[PDB]
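**Student:** Compute the structure for the input listed below.
(one chain, ligands or ions: 1)
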Amino acid sequence: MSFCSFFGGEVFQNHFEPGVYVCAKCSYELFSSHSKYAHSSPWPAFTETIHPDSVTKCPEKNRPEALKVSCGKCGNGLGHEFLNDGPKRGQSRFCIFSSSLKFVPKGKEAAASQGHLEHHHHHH
Ligand SMILES: [Zn+2]
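**Tutor:** Numbers count the residues shown, from 1 in each chain. Next comes the structure:
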């Protein structure tokens with residue numbers, strides 16, 4: 001008699017490491033650094049979005065307290081915003097499918113910090 005086993009029940013607690021989001025169709029890297037925060041929990045979501053020209057949304061009929069959002073460029077439509085329901089709270093936040101867009105993490109960690117070096121100037 002011996003037997004060996006060790007587990008917690010789920011892997012989820014380490015899903016907070018830094019990265020970027022890219023299209024499920026277009027593969028182009030797009031998310032604003034301000035539209036999501038850092039936490040380790042069930043129910044991952046983002047408070048805001050980048051609001052570009054290349055994605056679009058439409059309201060529900062049968063669910064008139066929420067709306068669906070699509071990648072109208074490539075013609076997707078799997079994410080949502082539960083809009084006008086929550087306006088004082090952290091109620092009304094966007095939620096999306098894994099088949100709507102992908103995750104590309106950083107190397108190990110780093111990120112979420114400042115550093116600037118840029119110049120071009122001429123006169124003749
Ligand atoms: Zn797309």
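**Student:** how about the nearest residue to the residue most central in space within the chain, chain neighbours excluded?
**Tutor:** With distances taken as CA atoms, centre = their mean, the residue of the chain nearest its centroid is residue 46 (5.7 Å). Using CB to CB, 6 or more residues apart in numbering and skipping the chain neighbours, the partner closest in space to residue 46 is residue 36 (4.1 Å). The C-beta positions use only the backbone N, C-alpha and C, and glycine is treated the same way.
**Student:** if I look at that neighbour, how far off is the ion?
**Tutor:** Taking CB to the ion, to the nearest Å as the measure, residue 36 falls 18 Å from the ion.
**Student:** Could you verify my assumption that that residue touches residue 47?
**Tutor:** Yes: between residue 36 and residue 47 there is a contact at 6.9 Å, judged by CB atoms under 8 Å.
**Student:** between the two, who's got more neighbours?
**Tutor:** residue 36 (17 against 12; other CB atoms under 10 Å).
**Student:** what about the residue nearest to residue 46, is that helix, strand or coil?
**Tutor:** coil (DSSP: H, G, I helix; E, B strand; the rest coil).
**Student:** Which residues of this protein lie near the ion?
**Tutor:** Applying CB under 5 Å from the ion, one finds that the chain approaches the ion through 23, 25, 26, 71, 73, 74.
**Student:** re the thing from before, tell me which residues touch the residue nearest to the centre of the chain, please.
**Tutor:** Residue 46 is in contact with 31, 35, 36, 93, 94, 95, 96, counting by CB atoms under 8 Å, 6 or more residues apart in numbering.
**Student:** just residue 35 next, same as before
**Tutor:** 46, 47, 48, 49, 50.
**Student:** if I look at the third one, how far off is residue 12?
**Tutor:** Here residue 48 is placed at a distance of 24 Å from residue 12 (CB to CB, to the nearest Å).
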